[PDB]
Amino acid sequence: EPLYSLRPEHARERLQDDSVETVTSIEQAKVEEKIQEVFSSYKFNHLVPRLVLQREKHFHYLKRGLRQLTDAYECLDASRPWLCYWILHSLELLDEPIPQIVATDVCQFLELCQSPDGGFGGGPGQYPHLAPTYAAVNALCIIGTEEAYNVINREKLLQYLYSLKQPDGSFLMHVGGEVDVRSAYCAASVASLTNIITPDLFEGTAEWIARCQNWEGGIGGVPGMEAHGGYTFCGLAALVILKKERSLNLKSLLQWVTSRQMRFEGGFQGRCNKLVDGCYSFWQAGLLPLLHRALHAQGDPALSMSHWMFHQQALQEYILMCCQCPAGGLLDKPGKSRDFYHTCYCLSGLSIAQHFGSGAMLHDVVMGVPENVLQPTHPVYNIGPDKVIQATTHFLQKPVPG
């Protein structure tokens, strides 16, 4: 039949615990039984399955969240630029225009979030932090207006980045804060897009990132830690920005990420022997377009001309059948509550899985109804490719601060 995870052979993909039960197998079995139910729901109810991205429902969810949130979001009071980014990117992916009045409002809000020291805080008056700084910059770029670009104080941003730089090449997330590969990516992301990369800003960074790659092939938060999709994405993406992808054993990395796709569920897990999760549809699967671009630069002649090195169809089936909340918004896995973070990354991942692109080639795979197709997203920044080029060219019109 047309759907991969509903075919009878697929049943063979269920977990084999070798009759040796542990917390890991038991927990992986619970989720598989839960996912199977979703897959079998169509046969059970005697209906023909149809995969439809509830674009309308998600839109309402997004449009409302962009303006107001209940006290349930109190835990994100220090992550508001993140909310701006997650929502605007989702709408962007769903190809929904952002009213000029909303855009200016977002711009003014992020201005209040900007610190006199440079960088952005999680809210008005909060100290600058690299995560919300990455979020603010990405949001402003998604808007892409002269107004939005001008919100960013490029001179102060550079100063802030330097205040976080460590001797070993890594960056603090914020002053007096912790360090992990996220900071390298956030710094490289905002510094590149706004053209403030000085000759020594990222000295040693590429090397520090390469030290995070471990025996697994993936990348950990800091040297010595377990390989994880979120950190591996930050690491590679950061290296692609610095043009040092070569610093990594790309073959061991490629083998690790591809193994992170769940044979049964269809989605990805964040690390070996853990559970599948819709947001990793971007963090993990998003690494394939990066490796594809990295390998091709080295002249790899075996790379496909139409597909990324992961089951695009299965990831789309997982997202569409298991990660949509009927009320709008997307999620981790069935049974979990919706949130804007998962909405942003489940859609980002869907985009990746349905759009291939390698130079002159272009190939799509849109599972379910054709209206499911979303706007493409750039694998490094996770904002529209056009917004990247537009923002990049814009900031190139000015010199790197001194």
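Numbers for residues come from their place in the sequence shown, where the first is 1. The term rigid core refers to the maximal set of C-alpha atoms that superpose within 1.5 Å between the two forms.
_Between 38-46 and 65-73, which one shows the bigger average Cα displacement from this form in 9 other deposited structures of this protein once the rigid core is aligned?_
Result of the core-fitted comparison in 9 other deposited structures of this protein: 38-46 deviates more.
*Take the C-alpha B-factors listed in the entry for 318-326 and for 271-279, compute each mean, and give the stretch with the larger one.*
So the stretch with the higher mean C-alpha B-factor is 318-326.
_Between the two ranges 69-77 and 129-137, the one averaging a larger CA B factor in the entry_ = So the stretch with the higher mean C-alpha B-factor is 69-77.
*For the listed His228, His307, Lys165, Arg182, which has the peak Cα B-factor recorded in the PDB entry?*
Across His228, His307, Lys165, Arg182, the entry lists the biggest C-alpha B-factor for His307.
*Taking the values straight from the PDB record, which of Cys212, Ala188, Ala297, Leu254 has the highest C-alpha temperature factor?*
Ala297 has the highest C-alpha B-factor of those listed.
*Mind checking which third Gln28 falls in for C-alpha B-factor across the chain?*
Answer is middle: the recorded C-alpha B-factor places it there.
_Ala11 CA temperature factor, ranked by third within the chain_ = For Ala11, whose C-alpha B-factor we compare with every modelled residue in the chain, the answer is the highest third.
*asked:* Looking at the temperature factor on the CA atom of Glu216, which third of the chain's modelled residues does it land in?
replied: According to the entry, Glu216 has a C-alpha B-factor in the chain's lowest third.
*asked:* Can you tell me whether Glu146 has a C-alpha B-factor in the lowest, middle or highest third compared with the other modelled residues of the same chain?
replied: Within its chain, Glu146 is a highest-third residue by C-alpha B-factor, going by the deposited values.
*Comparing against every modelled residue in the chain, figure out the third that the C-alpha B-factor of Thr232 lands in (lowest, middle or highest).*
As the PDB entry reports it, the C-alpha B-factor of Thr232 lands in the lowest third of its chain.
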